[PDB]
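Data first, discussion second: the structure below is written as structure tokens.
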Amino acid sequence: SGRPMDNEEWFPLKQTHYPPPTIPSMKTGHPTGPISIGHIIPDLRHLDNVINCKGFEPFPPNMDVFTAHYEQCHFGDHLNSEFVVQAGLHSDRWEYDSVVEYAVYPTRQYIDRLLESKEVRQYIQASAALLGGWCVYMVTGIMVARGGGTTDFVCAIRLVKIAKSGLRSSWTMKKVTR
Amino acid sequence: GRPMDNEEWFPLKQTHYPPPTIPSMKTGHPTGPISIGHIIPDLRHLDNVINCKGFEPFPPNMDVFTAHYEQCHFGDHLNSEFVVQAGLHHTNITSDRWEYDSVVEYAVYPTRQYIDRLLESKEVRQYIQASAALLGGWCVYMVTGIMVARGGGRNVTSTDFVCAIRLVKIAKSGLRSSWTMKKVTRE
Amino acid sequence: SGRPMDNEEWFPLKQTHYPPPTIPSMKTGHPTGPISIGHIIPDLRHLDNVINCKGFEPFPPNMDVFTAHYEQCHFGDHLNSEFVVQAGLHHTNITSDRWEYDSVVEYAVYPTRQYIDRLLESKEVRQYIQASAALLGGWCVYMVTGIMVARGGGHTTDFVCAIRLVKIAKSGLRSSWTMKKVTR
Amino acid sequence: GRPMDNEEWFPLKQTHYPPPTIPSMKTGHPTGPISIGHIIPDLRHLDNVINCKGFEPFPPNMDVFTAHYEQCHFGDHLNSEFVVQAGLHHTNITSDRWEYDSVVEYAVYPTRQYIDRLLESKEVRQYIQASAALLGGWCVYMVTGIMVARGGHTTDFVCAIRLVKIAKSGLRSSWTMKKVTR
Amino acid sequence: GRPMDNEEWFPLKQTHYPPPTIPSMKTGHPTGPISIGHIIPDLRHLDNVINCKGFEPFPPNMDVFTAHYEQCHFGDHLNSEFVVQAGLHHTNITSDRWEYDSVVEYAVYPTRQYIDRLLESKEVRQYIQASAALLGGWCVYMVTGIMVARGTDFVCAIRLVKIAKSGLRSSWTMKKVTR
Amino acid sequence: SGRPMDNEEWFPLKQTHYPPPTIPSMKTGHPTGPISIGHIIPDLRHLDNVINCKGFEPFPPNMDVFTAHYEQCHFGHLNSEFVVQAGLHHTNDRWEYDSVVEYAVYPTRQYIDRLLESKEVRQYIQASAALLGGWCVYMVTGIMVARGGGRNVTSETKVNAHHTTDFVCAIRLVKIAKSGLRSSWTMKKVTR
Amino acid sequence: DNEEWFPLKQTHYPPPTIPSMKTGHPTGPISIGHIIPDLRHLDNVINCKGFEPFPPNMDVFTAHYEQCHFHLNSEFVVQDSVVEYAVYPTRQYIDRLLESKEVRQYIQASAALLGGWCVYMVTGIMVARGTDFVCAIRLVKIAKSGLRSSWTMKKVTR
Amino acid sequence: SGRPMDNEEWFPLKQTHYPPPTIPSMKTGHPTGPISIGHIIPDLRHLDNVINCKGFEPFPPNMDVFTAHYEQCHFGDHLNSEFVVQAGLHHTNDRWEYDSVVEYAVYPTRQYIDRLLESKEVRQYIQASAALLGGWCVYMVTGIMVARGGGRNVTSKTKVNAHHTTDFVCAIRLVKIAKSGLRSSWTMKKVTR
Amino acid sequence: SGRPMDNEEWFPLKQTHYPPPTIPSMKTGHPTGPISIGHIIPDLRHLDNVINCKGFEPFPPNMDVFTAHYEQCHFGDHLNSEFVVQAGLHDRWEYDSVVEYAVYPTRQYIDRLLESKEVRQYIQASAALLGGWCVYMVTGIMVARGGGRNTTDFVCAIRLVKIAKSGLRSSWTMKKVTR
Amino acid sequence: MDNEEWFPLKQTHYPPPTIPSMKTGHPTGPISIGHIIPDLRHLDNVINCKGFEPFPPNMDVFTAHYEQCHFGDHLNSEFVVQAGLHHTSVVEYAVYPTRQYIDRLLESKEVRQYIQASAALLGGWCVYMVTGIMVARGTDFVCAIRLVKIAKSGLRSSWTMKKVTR
């Protein structure tokens, strides 16, 4: 199965097998699946919880969804049998047959518009008033697994961190790793 | 629980400051002496409000947010008394006199547009111009939060009252012609 | 009542029962408990996978264990019900638990570079460090610098409710590991 | 006149602390509750002296220096009240209540050797060890100056102090010292 | 009450120059020879005004602020007691206490626009262009405040700011001057 | 299959050309192959030119060779999917293996110093310091061996060729350099 | 700038006509103004369907060379008429090159699927006499990564 | 003769080879001399290679020629008799003296530089240097020293070797205008020996 | 004549007032003059107030004095600037032979001069009362052999170096002084 | 570009030092690797003309034989026309200096005397060490030199070594 899919850029969704959204519904801002590109989540410990669950802005023409197909994939890389024995430390790998990555590169304009939707704006304002600043994570990619080892499901997500603290005026976006 | 920015809350020693009504806190004319939006000259004169006659009402992107705490204290300091026993050095982390019950936090996050509206108000503009002439620049503090403790019970000193405030520091210095805002922590 | 001054640095153990080590065993480098000051864990997704589980270097004789007594401790997040309502996130299940424990006792030490160097030399820790350094870029471990113990019922019923850790990392091939406190 | 570092002088609101005798300041056993060489935990507790039972006597290179002021106040505030007249905007700069007369300032500049000797004192070492264990670092303030008001055993009293912030953080293995203002 | 920026007031000494009338200050033609808005070339001679023939009037929004002090001390830190304890009693370094009674302070806040207008007078511009061509750059000092002691009243101290464009920076910088 | 083996840290070699070394000879300092961990190369243009060809220093105790095993691997970017959505259409082959083993070491300061203090490494370093500005060499930090060989595959999937003998398919390097008259050298991971 | 010219595969690239280099439609396969994805290709022109013409401020300058054979020579191991055509890339011309239909698709595909994008611009060509052929290219690295919102332009040397 | 006129900011030229320009011709943009204020030279070694040989923009009224007169002057590098003996060396080093030396100086504005950098010859040289080489670098003559009444060549005792009683330029003060790494804008730095 | 001697590197004193020290006494640590190389002054506005007037440490063997002779020297600028500048309209000193004596200080010698009794007392008083300390070391002296305005020798200028430690630096910084 | 690192000798025609004499610290030629010159204006005013420290075992000399190595400025007849302006066998020996060797050089009698004099009269001191020589065939003669700038100016108490390029 080569190298595992759970890279440092991809957080695996292992709580519940959420079904994927249709490809056109991702660009329209009203996805059919509960987890899609363009969704804002509060923190890394609530990957399922979506702030803009009612809908978000449709993808502008400078934001097309790109694909990457992989076959005979597995999910491990977390203290494998070989790494444990040669590190002195002391998991059943799942084998999927078709895994597709859907990815998008966000523009600052699209983020500026997303930070103005009612739900995201309210969360940001509450976090700014009660806490120091605010911090949200945008789903920039989704990994959907077809088949198992039956229905397709979003198996991973790729995020970007948008933040504004220290009373600064401009928000900053940064890639997240694990 | 306790507020995440608890170090940024300055307690007001006097329990004689009545709170403003919830509706008047955003109209620009709070019914109390200390409220969100008041401008003070410095951390020594927290009782002197410069815009005591009224200020700019809160814009829609600047709403008041609430939190409730059964108990609230401002400052946990380590005592100098230490007892050694059972091979352990026992410390004593105590709370200060500024401890109140049933405290409600009202909080706000200011925008640059709103603060710019504040710096053009008559009283604040007068103070800013006078300070810039007499000193290098000017420095004021805007109340960004208040805490109201219930009156009576264990909140009695020898009927609700403002027990603590949270401030932002607004300052323009060095002829920058551009003011900066910074969080203020109790040190 | 007084409360921890580093309460943002205490990670709760949640609904478990890790027995607290006896204090004499703690300093000996062989605590009677599963998690204790001086234990090395590989990451923050475990908090119980101690690498030096067979023991570690004893405490230096000049290194002392300090104790605090809190009437109550709260180790939960800010995503309470009121914040949920005022953030508009009432539509999703996001509220976490309040980890409010009563009659808590804190045991804390101050790590020294020499003692950490000695902790990194046990057969288990140097094995995880060398393997992580060769197969991956660098290595990163976390040392337990403090433990909170909640009181049980009317002892052996007491249990560890929270731990305070420190990140010990070297990834730039700079031949010098760096130490930093961990938060949230 | 006024001291050049007048901003660094915290006034003691309580006017009942008698000053130490001049010979006792440099012996490490001052006859007064607050004096040069004392270590306080933080800026909120000036009455709380850690090295209360005594500290290191001053080395010969740490002599006490004096200054005299007919009037010393700590805080000149700009009032919000203004009057426009004759084309001028009249302001009122008023002194803070902390205003004393016939003030003698005793000042010291400490060396790293003397401070390292202070940090090894029983009480101070115990406090900083506890703080390091409970906080990953420690922070103490050494009073490097006092001001005695001879107007308003002796009848004089300590009216203000001047401190230095001694701190070690992040296990930097070397403490730093800084001046404190306000 | 005492001046809050007391270290920024350079004392004029035996130069008992008369104070300008307040109406004459704002007009750019003060009746006094040392006034707010005057430009001097250096700190060695505080009465060598280059705009001696007049300058740009104050902007209508630029106001003059006034502070009355019972006493003012502009003396150096080299007072007698410091000189004694530093072991410099065998020399003449002891400075005088410039203590004046019943002092009035007139102060303004300079803006970049008004300073640009002060740099465009014939005398100041000629000092700037020649100092920048013959020497590296230029450096002038603008009087931002004056202190006046009661008598006939006279100016006892001035507050200045340093305006300097050096190193071919294409923009001058403004720094508060202390002593 | 799965995610490809050509990480940015793993530079691929000429397929079916470099035989693997014996496992015991990697630590001896005299490896039985043309390329292995511990070798010094002048740059990335000559992945085969070895400076320490006449043996190098044996591995110290703190240098153990760790292994990582992978199954159903492949190499390779210029795939048909990325090319068609990038709009290039530049005729885009791909190698597949049954088993791939990564052998990895972490270099220490003292062992690098002893490698720079070598008979053959000093000549390349000193001559480069005199004639050229400074010196810059690369050290093999890891190797990838296709245990069981591999196969050349092209998709429109066709197995073009079959190779059943072991060979090294990639190396992982670190750049060791000294320039600007600096006293101490520097080491940095090499990415692609 | 001897360390800024990457050689290519010999006798494989007919040189374009000098007037064609400035009209944005060069007659040769490799020319000034072409965008290549990596340093491993040096032949995969992205803007193969043309690019923006050289602005008036950009002019092609020439350096002839009677240079013969003359990094690791035989001595270092022990111890042909050519012409250079070069330009200077202004930032506006780069901003317009990145707006080409071919260059924008590679960038958006690289940014979404990877972290960012890195492209190279042929700032100079080096054509030797024989039939003549382009023997070397001098490139410039144009890159925007880390969500910088402003691309950087640097020179490349081996 | 006081301090030498060879300050670190004044590069000396070959004596009696460069005639001075007339006072009015300096600000007209067409100097009557071979070297004058406003000339752009390529390097510190090619003084005669004036790029803007045809002419340059006349001096705007914002830029005036300021003068400085000196009397009984002399030239001398650091390797004089007194320095060499106490520097351990023994190879001492002709001295030029002048009765009157006049400095003419100006301060260049960024706009005047932009209008000089957009002239034909300067633009051609700059574009050639930016395309063929990494970047471009030009030097502008910000000042000139002329020896009114000429001077005398002297060797050391002191012996006069020649008398040249004709006015000539003896030193120039330059400034470095350079752009590299595609800074999108030029920088100006005073040059010093 | 020529370029003036009082450039930005040399500070002029009161002419015909300060006698030179005998050349042998400049390296013995006890100069026979009031102002010499090795003396420490408190401020730039009190150039003759020598702090270590009771002698200092003799020059170590790696600190030799170097000389520079000049003939037909003058001090000051003329009115050619005041005209091209438009300065206020509100006469120079000439000498036949002017000798500069110069020394490059070492960190050890400065650390030992900072431990001299008088310098130590001044520094301790300044640190305890003012917050920091700052002194200037005479690193060169310019001496005129006979004077004349438009007989006996005298020191006409000094070249100084600022040695300072502010805000608890624990180490002193040494920088050149310009004017 | 290594060509920019080399500076020309104007009508000197000095004899090249014998290959062994370069390491011995007493080269037979007047200009050699390891010589100290005061500035770029005086490229043949060797300060350490009485000899210098012999090349340590790590400082071996390395040779480079060029048929016709390129030495010149940017001004070439090809470059002159396109800018509008008006027209107007060799072997290299090189070494790489170490910090300790330069520290020893600065303690030579002649070098230290020039350093202490420059530091006292001027602000700091600045010297140049010949790191390479370039000799063409005849009698043969050194035609170019490659130097490095050594300077502790600025009261830093820490000398820096930079590379000089024309």
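In order of appearance the chains are A, B, C, D, E, F, G, H, I and J, and numbering begins at 1 in each one.
Note that in this section contacts are C-beta pairs under 8 Å (C-beta built on N, C-alpha and C of every residue); 3 or more make two chains touch, one makes a residue touch a chain.
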Subject >> Chain whose average C-alpha position is farthest from chain E's own >> reply: F
Original post:
If you average the CA atoms of chain D and of chain G, how many Å lie between those two points?
Top reply: 68
Original post:
In whole angstrom, what separates the CA-based centres of chain A and chain D?
Top reply: 55
Original post:
Which residues of chain H are in contact with two or more other chains?
Top reply: 66, 68, 83, 86, 128, 132-133
Subject >> Chain-chain contacts as defined at top >> reply: A-B, A-C, A-F, A-G, B-C, B-D, B-E, C-D, C-F, D-E, D-I, E-H, E-I, F-G, F-J, G-H, G-J, H-I, H-J, I-J
**OP:** Please name which positions on chain B make contact with chain C in the complex.
**Re:** 1-2, 4, 65-68, 73, 76, 78, 86-95
Original post:
So in the complex, which bits of chain G are touching chain J?
Top reply: 1-3, 61-64, 70, 75-76, 79
**OP:** Using the touch rule from the top, collect the residues of chain F that touch chain C in their complex.
**Re:** 62, 64-66, 68, 102, 104-109, 142, 174, 187-189
Original post:
Given the complex with chain C, which residues does chain A contribute to the contact?
Top reply: 42, 46, 48-51, 53, 79, 83, 86-90, 118-119, 122-123, 126-127, 130-131
Subject >> Residues of chain F touching chain A in the complex >> reply: 1-5, 7, 66-74, 81-82, 85
